[PDB]
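Below: one structure, written as structure tokens.
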Amino acid sequence: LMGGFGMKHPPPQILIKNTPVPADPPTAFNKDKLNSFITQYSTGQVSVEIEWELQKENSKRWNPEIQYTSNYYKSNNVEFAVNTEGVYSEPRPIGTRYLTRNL
Amino acid sequence: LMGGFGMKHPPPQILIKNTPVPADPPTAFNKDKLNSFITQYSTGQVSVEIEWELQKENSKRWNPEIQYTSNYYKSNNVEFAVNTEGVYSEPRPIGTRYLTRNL
Amino acid sequence: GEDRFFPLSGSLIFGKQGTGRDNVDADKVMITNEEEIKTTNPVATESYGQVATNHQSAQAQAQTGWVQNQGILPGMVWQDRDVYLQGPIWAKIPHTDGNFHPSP
């Protein structure tokens, strides 16, 4: 209902955890579990590539279509570009529907 | 200077004429050329196909390009479409330059 | 044989070692000498030549004006600016419909 492609078996969840490394155990044995651990974190890179299948426009329309454009008028910033403080901001939501087909 | 593709040997001129059919000659021979002809005209169809070579956009730009669009706002007529009297009219001149490249 | 002068903006100027950023005296900059091309090239500070302004006649004297800039003429011959140790090796010819003699 929100949008997208419903699937019985969507792409699976990737769960990640950094394994616990405990601090020094006491010398005398204790039944209880170890609640003292080393403060720790991890870092890396993810690559996600998707292969998409396209359906090309076959339209026999005469007059020109509507398209999505960046309006030319001058502005303090560039849309879909970084700020002066280094902040990336998307100005407006972009739908998928511009080209037309016959009903 | 106006525009387009200069060529030493452009596509040749196609000249067409409908051959003269003279009216009835006089019986006695006359030296002069015949200035009386049958009013006549011809009709047909022309097919002209051109094969064009394209250079595709390789751009690595991030933000969106400017494109050519039909503005969505409502109007009495459709641009680049026929009138109510059957007249075809092009509203505005359309340049070729929208996509950008680095200088 | 006059080296006293140089073109205002038409010469390369290099700095010496440890040269200041701004308002540097003329002795600390290294001014480059282009005189090797005197043979094929016109002097940078002088007019290319002279052209007639008007038609002469019994009444009118022949009058000639100065050519400050001359773009090209078929039959011209020139040479490119010289290469140094401190100067750039190459450049990028901008991608455009046309360019004439794209030497930097």
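Lettering of chains follows the sequences in order, A, B, ..., and the numbering in each one begins at 1. In what follows, every heavy atom counts, from backbone to side chain, and hydrogens, waters and symmetry copies are set aside.
- Side-chain atoms of B:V21 and B:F37, non-hydrogen and from C-beta on, never get closer than 4.5 Å to each other.
- Residues of residues 84-104 of chain C lying under 4.5 angstrom from chain B, judged on non-hydrogen atoms, are C:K92, C:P94, C:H95, C:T96, C:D97 in numerical order.
- When the heavy atoms of residues 34-58 of chain C are compared with those of chain B, none of the residues falls under 4.5 Å.
- With a 4.5 Å cut-off on side-chain heavy atoms, B:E65 and B:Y98 do not count as touching.
- Looking at every heavy atom in both residues, B:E79 comes nearest to B:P91 through CB-CG, 3.7 Å.
- Below 4.5 Å, heavy atoms of chain B meet no heavy atom from residues 23-33 of chain C.
- Considering only heavy atoms from C-beta on, C:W78 comes within 4.5 Å of C:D80 through its side chain.
- Of the charged side-chain nitrogens involved, none lies within less than 4.0 Å of a carboxylate oxygen, so that B:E57 and B:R101 do not count as a salt-bridged pair.
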Next on the checklist: One pair to check against side chain to side chain contact (heavy atoms under 4.5 Å, CB included): B:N83 and B:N77. What are the steps and the verdict?
Outcome noted: CA-CA 7 Å; B:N83 190 27; B:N77 291 336; 3.5 Å; yes
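- Applying the side chain to side chain donor-acceptor pair (under 3.5 Å) criterion to B:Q40, with sequence neighbours excluded, gives no partner residue.
- The local environment of CG in C:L8 is sparse, with at most 12 non-hydrogen atoms from other residues, nucleotides or ligands closer than 6.0 Å.
- Of the inter-residue distances, the one linking C:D82 atom CG with C:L12 atom CG reads 9.5 Å to the nearest 0.5 angstrom.
- The shortest heavy-atom contact between C:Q70 and C:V67 is OE1-CG1, 3.8 Å.
- For B:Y72, the OH atom sits in a loose shell: 12 or fewer heavy atoms of surrounding residues, nucleotides or ligands are nearer than 6.0 Å.
- Residue B:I16 qualifies as open at atom CD1: its count of foreign heavy atoms under 6.0 Å is 12 or below.
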Next on the checklist: Determine whether B:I94 and B:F80 satisfy the following criterion, side chain to side chain contact (heavy atoms under 4.5 Å, CB included), listing intermediate values before the conclusion.
Outcome noted: CA-CA 11 Å; B:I94 296 172; B:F80 296 94; 3.4 Å; yes
